[PDB]
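Structure at a glance
The residues making up each chain are set out below.
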Amino acid sequence: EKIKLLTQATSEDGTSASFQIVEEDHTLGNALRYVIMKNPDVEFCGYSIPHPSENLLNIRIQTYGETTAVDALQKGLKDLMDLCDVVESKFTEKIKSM
Amino acid sequence: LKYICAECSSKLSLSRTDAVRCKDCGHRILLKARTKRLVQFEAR
Amino acid sequence: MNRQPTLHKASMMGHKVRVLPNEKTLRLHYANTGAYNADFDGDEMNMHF
Amino acid sequence: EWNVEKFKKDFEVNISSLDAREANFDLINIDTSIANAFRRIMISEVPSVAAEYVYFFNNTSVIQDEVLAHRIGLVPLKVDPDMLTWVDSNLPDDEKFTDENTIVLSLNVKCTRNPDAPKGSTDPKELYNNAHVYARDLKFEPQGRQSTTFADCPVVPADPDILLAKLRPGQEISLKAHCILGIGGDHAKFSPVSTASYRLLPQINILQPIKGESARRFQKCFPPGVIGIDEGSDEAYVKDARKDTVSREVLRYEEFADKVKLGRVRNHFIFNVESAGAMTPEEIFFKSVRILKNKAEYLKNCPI
Amino acid sequence: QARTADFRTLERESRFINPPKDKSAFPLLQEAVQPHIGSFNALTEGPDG
Amino acid sequence: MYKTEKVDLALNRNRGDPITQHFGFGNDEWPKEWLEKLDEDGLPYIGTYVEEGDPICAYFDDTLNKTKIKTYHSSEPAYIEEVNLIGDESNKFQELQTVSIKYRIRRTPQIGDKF
Amino acid sequence: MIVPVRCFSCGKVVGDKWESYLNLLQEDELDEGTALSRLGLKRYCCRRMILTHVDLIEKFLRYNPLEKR
RNA sequence: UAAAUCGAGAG
Ligand SMILES: [Zn+2]
Ligand SMILES: [Zn+2]
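Note on numbering: positions run from 1 along each chain as its sequence is written and may not match the entry's numbering; residues without coordinates are not listed. Both sets of labels track the order of writing: A upward for chains, 1 upward for ligands. Here we see some chains out of a larger assembly; the values all refer to those chains and nothing more. Computation of side-chain values covers all heavy atoms of the structure but excludes hydrogens and water.

In the PDB archive, cryo-EM is given as the structure determination method for this entry, at a resolution of 3.5 Å.

As recorded in the PDB entry, chain G goes by DNA-directed RNA polymerases I, II, and III subunit RPABC5 and comes from Saccharomyces cerevisiae. In the PDB, the entry goes by the title "Yeast RNA polymerase I elongation complex stalled by an apurinic site, 11-subunit". Taken directly from UniProt, the Subcellular location text for chain G runs: "Nucleus, Nucleolus". UniProt positions are given in the numbering used here, feature names are shortened, and annotations may be inferred rather than shown by experiment.

The name the PDB entry assigns to chain C is DNA-directed RNA polymerase I subunit RPA190, from the organism Saccharomyces cerevisiae.

**Some remarks on the sheet that holds strand β12 (residues 193–205) of chain D**
Note: two strands are recorded as paired if DSSP finds a minimum of 2 bridges between them. To qualify as a helix, a DSSP run of H or I must reach at least 4 residues; to qualify as a strand, a run of E must reach at least 2; elements of each kind are numbered from the N terminus. Strand order across the open sheet formed by 4 strands is β1-β2-β15-β12 (chain D), with antiparallel pairing between neighbours. Strands with a single pairing partner mark the edges of an open sheet, and in this sheet they are β1 (12–17) and β12 of chain D. Each strand axis lies, on average, 30° off the axis of its neighbour in the sheet, ignoring direction. Both β1(D) and strand β2 (residues 23–28) of chain D contribute to a ladder of 5 bridges, which runs antiparallel. Bridging from a neighbouring strand, D:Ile15 pairs with D:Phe25 of β2(D). Note on contacts: a residue pair is in contact if any heavy atoms of the two residues lie within 4.5 Å. Lines fitted to C-alpha atoms define the axes here, with helix axes fitted over just the stretch in contact, and angles between the N-to-C directions of these axes take values from 0 to 180 degrees. In the packing of helix α2 (residues 69–97) of chain A onto the sheet, contacts are made with β1 and β2 of chain D, and the angle to β1(D) comes to roughly 40°.

**Side note on the pattern of salt bridges**
Just to be clear on terms, a salt bridge is a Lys or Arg side-chain nitrogen sitting within 4 Å of an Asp or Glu carboxyl oxygen. Per the stated rule, a full pass over the model turns up 38 salt bridges over all chains. Across the pair D:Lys189 and D:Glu52 runs a salt bridge, and its minimum N-O distance is 2.9 Å. You can see D:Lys189 sitting in the loop between β11 (172–182) and β12 and its partner D:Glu52 sitting in strand β3 (residues 48–59), a full 137 residues away along the chain. For G:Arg43, the salt bridge is made with D:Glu274, and the minimal N-O distance between the two is 3.1 Å. Within this pair, whereas G:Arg43 is found in the loop between α2 (32–38) and α3 (44–51), its partner D:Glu274 is found in strand β15 (residues 261–275), the two belonging to separate chains. Each residue is placed in one exposure class: buried if its accessible area under a 1.4 Å probe, protein chains only, is under 20% of its type's maximum, exposed if it is over 50%, and partly exposed if it falls in between. Here G:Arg43 falls in the partly exposed class, since its relative accessible area comes to 29%.

**Describing the pairing of strand β7 (residues 98–104) of chain F**
All names here are of chain F. For β7, the buried fraction is high: 6 of the 7 residues fall into the buried class. Two strands pair when backbone bridges link them, and strand β1 (residues 2–8) and β7 are joined in this way by 7 bridges, in the antiparallel orientation. Residue pairing across strands places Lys6 opposite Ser100, the latter belonging to β7. Across 7 bridges, strand β6 (residues 78–86) lies against β7 in antiparallel orientation. Bridge pairing in β7 places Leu85 opposite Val99.

Put into structure tokens, the structure is as follows:
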């Protein structure tokens, strides 16, 4: 129950949705939001912290159609993982040359 | 020995009904000594 | 919520309660500052339930 | 059509120097979001080892026991966080600590006056014995099955010269310390980094030639290692902007008001990362990116 | 620079470890309580007993 | 924050009437739970964490022949910093009756503290 | 009272540079800035943690109740 | 368990 779908903020077909994730902050939210806004099928994406003291993070994903916003979130997460992989590889290969 | 004079710092003990006095000097104030017991804390 | 002295009626309003999880102080939004004529340099105020 | 291959094509890692206590490098052609994420995960989410539970058996020193235990908790430990698992707060405190996740330290230091203290000297070193309690006094006591695996690496503080307390004859300090694994967002003592911060690479644009003595003056308005002079025409140029803290002392002069512009590069981050002592700064950075990847992967695997 | 004060370290830490045996440093601090000490010491001692 | 409270058992006698209350645990029956804080002298162990409602001294009383214990009347849990067993300068071997217990409470900066 | 283990702002361990700072100010004639720099304290946040410490515990250690005065 | 008088403070 790390991430939940806010049924009271979503759309019927899934072309627009809101997600609430626990134990997260700006750090993951900004990375995921930038990465998913790089996806061309997503119209409006954003991150919002309800209250700073609470450890909650809401991600708003409104697509343009043709793909459910759940899948847009999955693709954004995948691209974040791949970006982390490439930075790890680049840093490792360049640390040895020095 | 569970008590310490507040003047000459010499350790002492007290018997039941006995006077509150340091044996080796004229003082009647006795700090309670700190004995070996578990006390927990948290470094926060 | 009221903050003595109550120089006018608007100084004793009714708020909806949000149960914050953390600290022991009445946390209040900025807008009501002129309404209670309050600051946050240790001003004290009372909540009646 | 931004894609991971395109980012890989533009992204590259440059390094200025390296050490076991300070790594200064560059991440270029990367978005501010990811640089911020690496900075923040380095500061906060990297596991480390520091003193959590401090059992006291006696403390007759002048320091109140809470402050002493807090000082012990602040003491960095030269132990790799990877050697031990995590604690289970939900289990009873009797079995919460095990040989795999709890490291037991001790401190039994008693002060006694030294008779051979020379007359007419105020030095606390000659007068008293065990007067000062230091971090190296935090004797490591392996438990259970960890007498083998920790034999190669003695659990010693990253700094053994840390002055914990000060004793006097008669006084004493005896305690045990269960230190465990925790992230730096829980408490700053668990942090593994002295400071891990980036800065946007400065960019100096000399809009007009400032040739002449003015260039000599213009060079003086920056640190030594940035501004140089041409040979033939005495004209200033930028050599290495990485050696210019943004002082903006040139704008203080009316003469060079409209001859220079100063800004930052959009995606040229200079990272300076100083390790606490438990791990190398490079391992801190790698652990940060790996934990971010694991975080995203776990989130992806979460059934919404 | 002219307005140069100084942390009197090695003068303060030393005075911490071994207090003076001759006369209390900071004479200005003693004179702060002149109205009280110098007055109670006027009812017994001084001229005329 | 250091706070000192003076526990006195000589409040209810005068004109040399006998001491009806003796510091410590009497010969009657008491629950052993009180041994968390009190020593065999009916005094708090130095450096113990004292909550509210925990005993801080035990006096066996002659008037009832039942062991009665005083409690900690404060909200902030404290640590027993020090104890002073004040004696009386009287020719008689008058028993210990006045105690000065000083506790420390950790005032970590919370939100709302004036700086 | 006693030297803090770490600098509050950044987090760098300055719990071992106290006696060294005293020595470098006393054994060798050094200005405060020179001694602080030679110990590895360039950020003013770390510099103020040792520059302005009083080390009051010395004055606290005279009043030992466990030793005859 | 009170209640007064004097003093110290917060806004
Ligand atoms: Zn004595
Ligand atoms: Zn610092």
